[PDB]
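Following this are structure 1 and structure 2, which are two forms of one protein chain, each written alone as structure tokens.
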Structure 1
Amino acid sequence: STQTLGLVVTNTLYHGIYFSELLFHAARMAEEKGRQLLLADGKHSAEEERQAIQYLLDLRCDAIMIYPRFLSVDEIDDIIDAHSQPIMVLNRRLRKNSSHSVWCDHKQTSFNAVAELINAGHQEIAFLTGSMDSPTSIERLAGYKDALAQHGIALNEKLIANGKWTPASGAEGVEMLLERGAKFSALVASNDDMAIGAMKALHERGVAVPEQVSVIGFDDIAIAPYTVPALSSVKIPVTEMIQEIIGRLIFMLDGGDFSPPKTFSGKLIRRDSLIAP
């Protein structure tokens, strides 16, 4: 051991609070356990993310933590197999070395939130995706589909619009949906930023929220109760996920007592933006 902890900086600053919380807690744990915290720049590709892991392995960090934007889960499994130093993965699910990853069931989480809309009487529900290549975005669209299929609703492909996680893309998403004449009493945006953009575009086109269109988001950002109307959103337990990944790492390095690996999912917080049609 070198008494050294590694963290890959990825292009995920501002994409929820995952990275900054990971950073905060990893800094805290490193100081408490008396080890050095090293940063590596993962830059802007899968190869560069791998290089950043490799650089920390070469300097012989006892452990490495990463929330990967480009580097696939399968490639990381291979790196974990090749090295005795634990590589911890946040917000992804590893197939082989699953105890090295802490994840949230974004598919089931989306399902449940869409199911609550159906149970409140919404039959025609629009969906605004995040980025096409985003694992979380793929899972949230899957959960939406799965919820429609299990409640006997036919998949209307007109009701699904592409987004980019940004407020602009949320406004554009509504703009697209209204132009192709899609009809809906509810809209699910894949994050709160897109939802606020969606609500803005709906307001500017004379569509009442929640009276005509109910709106939900994901993230439960601090701003959400203070929108007009107050934004219903799915809270993800990010802090608990971070505490889980740190605790799991402490055990892998130092031992001590064991805690049964938790699984995580979110919950919809109903607010003024969601009613029954």
Structure 2
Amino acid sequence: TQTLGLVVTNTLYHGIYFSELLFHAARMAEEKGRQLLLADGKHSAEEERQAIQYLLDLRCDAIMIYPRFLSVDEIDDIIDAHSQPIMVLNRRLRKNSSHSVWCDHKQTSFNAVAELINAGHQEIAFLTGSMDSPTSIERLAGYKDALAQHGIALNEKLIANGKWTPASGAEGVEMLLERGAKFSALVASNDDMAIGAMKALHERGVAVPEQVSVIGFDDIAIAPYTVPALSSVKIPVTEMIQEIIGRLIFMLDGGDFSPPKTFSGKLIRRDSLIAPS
């Protein structure tokens, strides 16, 4: 039998929803008659690398790595050092670019922020995710680029560092309100923080969306059911997983590495978003 190996970091948040990604990977492997193995990549570059080798030494025939910590170059070196088909999710490779399936998180963020600016929002708050996360880093970069491209000055008092948890959302908002710098819209780097933030705003008697419009990322199942319904950036996780797993199985059947279908999210517009007052 052929086995597909998955390596995924033990982080509380994942930019590509983990149970969703695992579900579609498992389903795809099952339908194509492959066994699936997932190894804990744990929580550092070194352990992500060791988990890849571990799976090979279990005779996995192909590997999908979803790494938080390994640098692009480290990933390219891994791919080159091995004969088995190895592909990377959520990171864009420099040398082995056909081995990546990636979503331009920076662009998605730029797009959500640009939408706020074109709806009339000049003073936009931003809640970051953890600073060790590529996805968090890209979203923040897309926020700063959207401001700078629209001739809006960057003010770090409008950026609150968060940790992907609802609590960090509520606390990030309380911190921004105490800072006193005015804002008409808030972009949270995931839905959990956006929900925490809507709570703290409601508690402080700040109307959403009337006084502050809110956007998250992830488009979680509860987003249409928050009060008010949460506008959110949807990532094509399912598509992305079917691509990388489908390609890895293609390789095992004699396929070759063809150029990348790249991906982008879409902002889903719900009641938490409107023009300023």
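Just so we're on the same page, residue numbers count up from 1 along structure 1's sequence. Think of the rigid core as the biggest set of C-alphas that the two forms share within 1.5 Å after superposition.
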{"query": "C-alpha displacement of 2 Å or more between the two structures on the rigid core, among 73, 153, 171, 118", "finding": "73"}
{"query": "Residue 267 C-alpha shift between the two structures of 2 Å or more, rigid core reference", "finding": "no"}
{"query": "C-alpha of residue 242 moved at least 2 Å between the two structures on rigid core", "finding": "no"}
{"query": "Flag for residue 216, CA shift 2 Å or larger between the two structures after aligning core", "finding": "no"}
{"query": "Core-aligned CA shift between the two structures for residue 28 (Å)", "finding": "3.5"}
{"query": "Cα displacement of residue 103 between the two structures, once the rigid core is superposed (Å)", "finding": "0.4"}
{"query": "Per-residue C-alpha deviation between the two structures [residue 13; rigid core superposition; Å]", "finding": "6.8"}
